[PDB]
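A quick write-up on the structure given underneath.
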Amino acid sequence: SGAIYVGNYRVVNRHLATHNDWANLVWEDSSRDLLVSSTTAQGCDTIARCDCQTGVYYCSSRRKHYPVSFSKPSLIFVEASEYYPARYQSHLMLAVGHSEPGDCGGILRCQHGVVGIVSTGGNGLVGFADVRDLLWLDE
Ligand SMILES: COc1ccc(Cl)cc1NS(=O)(=O)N1CCC[C@H](C(N)=O)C1
Ligand SMILES: [Zn+2]
């Protein structure tokens, strides 16, 4: 579990979004596994605007932060699950590192700010849903 709070926005994994998230929907994209809902309180997370390929992510299944090298956002095949059928998930970045399903929502950060959130994993890999292209999160 986990979310990004920027301005009057809450960014979460679409497969973990609550009734309140859907009742205050701003934008959602199942191909990216992202959902953005509105908030009453102001958010103070800074979103990165860069093409960094190194950063640090939080892994709740180990209560640790890990440094990683990750690929640029791209279309990656993701096997069928209880939330989605087998499909290509877009804007997804992969790294070699530990992850378990409950790790989804953990933030990936570079020196410029928040890059994305954990969205996939398995077989010694971890996938992150990129958020750097969503320029409207700032305005
Ligand atoms: C051992 O499997 C995991 C390990 C770590 C992690 Cl973050 C996840 C899994 N399962 S998973 O199949 O990647 N995952 C399940 C939840 C929805 C994801 C999606 N974005 O379509 C896909
Ligand atoms: Zn950066």
Side-chain angles (χ1 to χ4, degrees):
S1 47
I4 307 164
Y5 293 97
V6 47
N8 290 306
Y9 297 122
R10 168 170 138 98
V11 189
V12 279
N13 293 94
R14 193 194 184 270
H15 73 279
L16 296 180
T18 69
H19 295 287
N20 195 67
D21 284 320
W22 279 102
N24 292 300
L25 180 62
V26 163
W27 168 84
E28 52 79 27
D29 190 335
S30 71
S31 76
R32 295 180 65 153
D33 179 46
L34 286 182
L35 186 142
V36 173
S37 58
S38 55
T39 76
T40 48
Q42 207 79 33
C44 293
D45 275 318
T46 287
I47 309 300
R49 302 300 181 197
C50 65
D51 69 359
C52 274
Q53 276 184 254
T54 68
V56 174
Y57 79 100
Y58 179 65
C59 174
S60 74
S61 72
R62 294 289 183 265
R63 290 189 198 125
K64 267 186 176 80
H65 296 257
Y66 292 107
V68 279
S69 282
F70 53 93
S71 60
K72 290 185 175 171
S74 75
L75 264 179
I76 286 155
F77 189 73
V78 172
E79 252 279 85
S81 72
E82 51 189 20
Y83 309 106
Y84 301 105
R87 80 214 207 277
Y88 279 92
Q89 176 159 319
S90 61
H91 300 269
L92 186 63
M93 301 172 297
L94 294 188
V96 170
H98 185 75
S99 63
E100 290 173 48
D103 286 325
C104 284
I107 281 166
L108 167 68
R109 293 182 68 95
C110 65
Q111 61 185 119
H112 309 104
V114 174
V115 175
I117 51 171
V118 173
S119 179
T120 74
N123 291 326
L125 299 169
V126 53
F128 308 99
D130 184 50
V131 303
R132 297 176 284 183
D133 65 315
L134 309 175
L135 313 186
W136 54 269
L137 284 171
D138 277 328
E139 56 226 28

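All residue numbers in this chain count up from 1 along the given sequence.
A side-chain contact (heavy atoms from CB on, under 4.5 Å) with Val114 is found for exactly one of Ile107, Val11, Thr46, namely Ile107.
The two atoms that bring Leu94 and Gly127 nearest to each other are CD2-CA, 3.7 Å, heavy atoms only. Summarising the geometry of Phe70 relative to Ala95, their closest heavy-atom pair is CB-CB, 4.2 Å, with the distance given to 0.1 Å. Closest approach of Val12 to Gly2, counting heavy atoms only: CG1-O, 3.9 Å. Scanning both residues, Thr120 and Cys104, for their nearest heavy atoms gives N-SG, 4.5 Å.
Of the possible donor and acceptor atoms, one in the side chain of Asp45 sits under 3.5 Å from a partner among the backbone N and O of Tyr5. At least one donor-acceptor pair closer than 3.5 Å links the side chain of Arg49 to the backbone N or O of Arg132. Remark: side-chain polar atoms of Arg32 are paired, donor with acceptor, to backbone N or O of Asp130 under 3.5 angstrom.
Ring geometry for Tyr66 versus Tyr57: interplanar angle of 30 to 60°, hence tilted.
A side-chain donor from one of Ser119 and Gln89 sits under 3.5 Å from a side-chain acceptor of the other.
Looking at residues two or more places apart in sequence or on another chain, you find a side chain to side chain contact (heavy atoms under 4.5 Å, CB included) between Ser60 and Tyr58, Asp103.
The hydrophobic cluster containing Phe128 does not contain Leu92, counting ILVMFWY residues as joined when their side-chain heavy atoms lie under 4.5 angstrom apart, directly or transitively. Both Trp27 and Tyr9 sit in one connected hydrophobic cluster of ILVMFWY residues. Membership requires side-chain heavy atoms under 4.5 Å apart, directly or through other members.
Two residues are said to be in side-chain contact when any heavy atoms from C-beta on lie closer than 4.5 Å; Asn8 and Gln42 meet this criterion. In this structure, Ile4 and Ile47 have side chains that are in contact, with non-hydrogen atoms separated by less than 4.5 Å. The shortest distance between side-chain heavy atoms of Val6 and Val131 does not fall below 4.5 Å. For the pair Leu34 and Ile117, the minimum side-chain heavy-atom distance is below 4.5 Å.
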Could you walk me through whether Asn24 and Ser37 pass the side chain to side chain donor-acceptor pair (under 3.5 Å) check? CA-CA 5 Å; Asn24 292 300; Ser37 58; over 6 Å; no
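Pairs passing the ring pair (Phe, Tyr, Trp, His ring centres under 6.0 Å) check and including a residue from residues 83-110, sequence neighbours excluded, read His15-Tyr83, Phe77-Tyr88.
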